[PDB]
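What follows is one structure encoded as structure tokens, with my remarks underneath.
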Amino acid sequence: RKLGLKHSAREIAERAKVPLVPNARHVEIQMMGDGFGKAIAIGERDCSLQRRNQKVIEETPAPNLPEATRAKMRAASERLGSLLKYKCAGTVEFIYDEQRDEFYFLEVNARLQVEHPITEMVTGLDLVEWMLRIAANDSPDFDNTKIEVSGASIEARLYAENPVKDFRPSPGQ
């Protein structure tokens, strides 16, 4: 509920010290929360390649993003997740000005996301496994969890659609 309404979500973000909006990319942080105040940033994904706002290709790590601003995307995401006492998996989406080197809160998805497997490739984590373990109060011990990101990974979404006739759905056997 607190994340569903565009404006309640902005207050939490503000209180969490997450820079908000006072040629845009879409950089999101995959975060895990244990439901008891602990939160951890697992990595970031770029989801810029969208058609009329519908994602088709995603990648990790985000290209052309400096550590200074990635590490502060992570920490801002952990504050937001901590503040809520967030449980299981959520994503903090940001807008990113590549040129200005600035990012701004967009929304939290209060759920796992379609693109989650690229994160799983570079870290070797099974996020569903984590979700299950956290949801049963047998959470990984967060303060002692070292996440190593390894290589780069990208996802393409195969749709039953016709790109030539307006991405009209294409049923059949």
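Neighbour counts run over all protein chains shown; Cβ positions are idealised from the backbone, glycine included. We did not get these values from a lab; they are worked out from the coordinates using the rules stated.
Structure data summary
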| item | result |
| --- | --- |
| Breaking point among (1) surrounded by 15 or more Cβ atoms within 10 Å (Cβ to Cβ); (2) of a type outside the set (A, V, I, L, M); (3) closer than 26 Å to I12 by Cβ, for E155 | (3) |
| Segment 25-40, residues that are within 20 Å of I154 (Cβ to Cβ) and either surrounded by fewer than 20 Cβ atoms within 10 Å (Cβ to Cβ) or among the hydrophobic types (A, V, I, L, M, F, W, C) (or both) | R25, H26, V27, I29 |
| Subset of segment 119-149 (residues that are in a loop (DSSP other than H, G, I, E, B) and surrounded by 10 or more Cβ atoms within 10 Å (Cβ to Cβ)) | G124, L125, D126, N137, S139, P140, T145, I147, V149 |
| Top-ranked residue of segment 83-140 - restricted to ones that are out of contact with any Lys or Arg (no Cβ under 7 Å at 6 or more places or on another chain) and among the polar types (S, T, N, Q), ranked as farthest from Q50 (Cα to Cα) | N137 |
| Residue in segment 106-116 that is crowded, with 17+ Cβ neighbours inside 10 Å, closer than 17 Å to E44 by Cβ and hydrophobic (A, V, I, L, M, F, W, C) present | yes |
| Complete set of residues in segment 150-173 that are within 19 Å of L112 (Cβ to Cβ) and among the β-branched types (V, I, T) | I154 |
| Filter result for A68 (out of contact with any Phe, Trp or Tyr (no Cβ under 8 Å at 6 or more places or on another chain), within 13 Å of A16 (Cα to Cα) and surrounded by fewer than 18 Cβ atoms within 10 Å (Cβ to Cβ)) | no |
| Residue in segment 6-24 that is buried (at least 18 other Cβ atoms within 10 Å of the Cβ), within 22 Å of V128 (Cα to Cα) and not small (G, A, S) present | no |
| Contacts under 7 angstrom Cβ, first residue in segment 1-23 being on the phi < 0 side of the Ramachandran plot, partner surrounded by fewer than 16 Cβ atoms within 10 Å (Cβ to Cβ) and assigned to a helix (DSSP H, G or I), 6 or more apart | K2/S8; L20/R10; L20/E14 |
| Exclusive hit being acidic (D, E), at negative phi and surrounded by fewer than 22 Cβ atoms within 10 Å (Cβ to Cβ), set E93, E44 | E93 |
| Restricting segment 47-65 to residues that are under 21 Å from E102 (Cβ atoms) and among the polar types (S, T, N, Q), the residue that is surrounded by the most Cβ atoms within 10 Å (Cβ to Cβ) | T60 |
